[PDB]
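Experimental coordinates follow, after the sequence.
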Amino acid sequence: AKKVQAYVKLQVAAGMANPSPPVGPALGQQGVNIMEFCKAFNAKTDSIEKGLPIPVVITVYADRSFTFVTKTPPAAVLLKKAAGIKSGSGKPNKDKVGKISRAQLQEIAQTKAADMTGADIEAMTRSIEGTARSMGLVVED
Amino acid sequence: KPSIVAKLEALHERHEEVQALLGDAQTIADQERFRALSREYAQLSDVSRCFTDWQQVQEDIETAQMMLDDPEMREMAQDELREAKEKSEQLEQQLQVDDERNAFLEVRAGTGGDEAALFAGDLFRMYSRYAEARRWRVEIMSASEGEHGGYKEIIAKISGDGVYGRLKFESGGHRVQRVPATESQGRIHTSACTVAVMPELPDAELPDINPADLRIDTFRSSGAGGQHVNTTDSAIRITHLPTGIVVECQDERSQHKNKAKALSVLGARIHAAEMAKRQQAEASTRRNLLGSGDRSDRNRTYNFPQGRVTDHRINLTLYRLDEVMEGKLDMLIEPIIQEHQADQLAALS
Amino acid sequence: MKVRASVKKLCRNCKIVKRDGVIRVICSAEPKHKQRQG
RNA sequence: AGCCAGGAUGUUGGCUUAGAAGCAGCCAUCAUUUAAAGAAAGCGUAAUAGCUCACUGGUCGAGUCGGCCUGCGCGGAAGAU
Ligand SMILES: [Mg+2]
Ligand SMILES: [Mg+2]
Ligand SMILES: [Mg+2]
Ligand SMILES: [Zn+2]
């Protein structure tokens, strides 16, 4: 398999093409076009939602023709509308940012269970909650 | 929106040209232009989302127009009123996106004589009332009274928040036309007063006697000393390298005493050379802020027979002189800032 | 070369070698780290 | 100590700021697969990348690794017939 050549997964939520610095100079230094994301990239964005932060591979050659494959949204932004919290920690021990029920996370883990490694589905719960503890998210018993 | 609408409309395309210059790879070898674009990403993505909200409101306005046969006036009336309200809210919130310290307010009499002193007293009372209805403190630093009524020259120090941000537009000359109190007949007279507003600054005086930048010479002295004076280095000379100030001392027979007092004189006469510079700088600034009160150079006119106050910088007239003279001059200073700030965002080229 | 009365190791590549009765430091990565005692 | 091999997984993290992604500075420092692997000790980007280390497997194969107390030496150490 061809390893990383000219693509790094970094861009704003998939909702629209949004020709902004996060997308323009994300490819402007590598080529292709900024406006193309409204047709090919946004073909599947009508399926999911408007405003899902997902990282997409931006493989670009010297031919200025690029192919893109996305993935699940990262767990940090994944449990935001599912947790109701728009902010994040940075002082998650002096205070806390909110509350979260324990049962609210595993039912979304199967979305990320395909691209995450682990013995089974329940193992993914521990990885998220340990990360979730860094955001000050208090588990609801 | 007199021209800020036009300013944005001309600049609204620049909000897309910044994006165009983002993805050209010709401005990425350097850094300055890309830094400018990144700082000026289209109306600052927070306010950009605010503009998306305003455009949603405008699109809601755009609909529900192409149908007739209904007494529908009230709903789009309130809709366009809400659109204007949110438009002005957008104006203020994107205009909000320094010098907010205490101030020295100086006002003195111009043309007129005693009547100028009376008007200076009235004007200072107006400013004092405006300050007291703001939770600001006013203290009379100095006073020179005007024989009959108010002051030949009153200078006061105002302490509070954002004082200079609001009072810095009061400099210049103010003209008053009215029937004076020191007049036997009923003749109307025109007089002027002169107002200056200043900030406050730290006034550190560092004694740069740091010997790392001094050149010191010891040598023989001249005069009547017999055999001792010839074979001794009892004269001192110190030069301060950064400023080029040179001082020498040979008055006493001891090198230590000469060095000590010469160094003291160097310190005193290097401090004076900075105090004089600061004094002339502040004097010059006061001079070009003040003007020369002669009823021809002025910023606002108070006509008492007509009860009118007019401002010549923005060409705005009002018929609320009595409310102004009782300390409600806020309505005068709000529009000026509205113009002034409208030029700060334009001067980015 | 920096000549000083206290030669010490500054990175992980620095080495202590005594040549001709003189203690000195040399490292293969940073040429600014070579020094001798004097 | 050498010599081969590995040296992994969601932080494009909120927390600051235009951009900060282990390695600029504010918090925390969990979990998974595993023989190992740090949510980063170092070099390196405007921002990514890229480059080492720990640690873990195979050959080699006999010793090896740092403090404490003490004797004698080394550098630090330049003046005028
Ligand atoms: Mg004598
Ligand atoms: Mg030699
Ligand atoms: Mg010795
Ligand atoms: Zn070194």
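Structure received. Residues are numbered from 1 along each chain as shown, chains lettered A, B, ... in the order given. Ligands and ions are numbered 1, 2, ... in the order given.

going forward, measure contacts and count neighbours with C-alpha atoms only.
Noted.

Most proximal residue of chain A with respect to ligand 4?
residue A:4 (33.3 Å; Cα to the ion).

Make sure that residue is indeed in a strand.
No. Per DSSP: H, G, I helix; E, B strand; the rest coil, residue A:4 lies outside any strand segment and is coil.

Once you drop chain neighbours, what's closest to residue B:177?
Closest residue to residue B:177 apart from its sequence neighbours, by Cα to Cα, 6 or more residues apart in numbering or on different chains: residue B:190 at 4.4 Å.

ok, now which ones touch that neighbour?
Contacts for residue B:190 (Cα atoms under 8 Å, 6 or more residues apart in numbering or on different chains) come out as B:112, B:175, B:176, B:177, B:178, B:295.

if I read this right, the second one contacts residue B:295, doesn't it?
If I follow you right, that is residue B:175. Yes. Checked against Cα atoms under 8 Å, the pair residue B:175 and residue B:295 is within contact range at 6.0 Å.

Give me the common contacts of the two.
The contact sets of residue B:175 and residue B:295 overlap at B:190, B:191, B:192 (Cα under 8 Å, 6+ apart).

Closest one to chain A out of these, please.
Chain A lies nearest to residue B:192 out of the shared contacts of residue B:175 and residue B:295, by Cα to the nearest Cα, at 55.8 Å.

re earlier: what's the neighbour count on the residue of chain A closest to ligand 4?
9 (other Cα atoms under 10 Å in any protein chain shown).

what about it, distance to residue A:70?
Going from residue A:4 to residue A:70 by Cα to Cα, to the nearest Å gives 15 Å.

all strands for chain A, in order.
A:98-101, A:137-140 (DSSP state E).

now the ones you listed as a markdown table including mean neighbour count?
Shown next, in a markdown table, are the strands of chain A (neighbours: other Cα atoms under 10 Å in any protein chain shown):
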| stretch | mean neighbour count |
| --- | --- |
| strand A:98-101 | 16 |
| strand A:137-140 | 16 |
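
so which of the ones you listed gets nearest residue B:197?
strand A:98-101 (49.8 Å; Cα to Cα).

Might one say that residue B:150 is in contact with residue B:123?
No. Counting by Cα under 8 Å, residue B:150 stays clear of residue B:123, with 9.7 Å between them.

Could you check which of the two is surrounded by more residues?
Between residue B:150 and residue B:123, counted using other Cα under 10 Å, the more crowded position is residue B:150 (25 against 21).

Please report the distance of residue A:108 from residue A:9.
Per Cα to Cα, residue A:108 is found 22 Å from residue A:9.

Which residues are in contact with the residue lying closest to residue A:83 once chain neighbours are set aside?
Leaving aside its chain neighbours, residue A:83 sits nearest to residue A:100 (6.1 Å; criterion: Cα to Cα, 6+ apart). Residues near residue A:100 by Cα under 8 Å, 6+ apart: A:83, A:137, A:138, A:139, A:140.

next one: residue A:96
Per Cα under 8 Å, 6+ apart, neighbours of residue A:96: A:89, A:135, A:136, A:137, A:138.

contacts with RNA strand D among those, please.
A:89, A:135 (Cα under 7 Å from any atom of the strand).

Dump the shared contacts of residue B:175 and residue B:295 to a markdown table, plus secondary structure.
Shown next, in a markdown table, are these (three-state DSSP):
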| residue | secondary structure |
| --- | --- |
| B:190 | strand |
| B:191 | strand |
| B:192 | strand |
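
Can you add distance to RNA strand D and give the residues you listed back as a markdown table?
Converted to a markdown table, the shared contacts of residue B:175 and residue B:295 look like this (distance: Cα to the nearest atom of the strand, whole Å):
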| residue | distance to RNA strand D |
| --- | --- |
| B:190 | 51 |
| B:191 | 49 |
| B:192 | 46 |
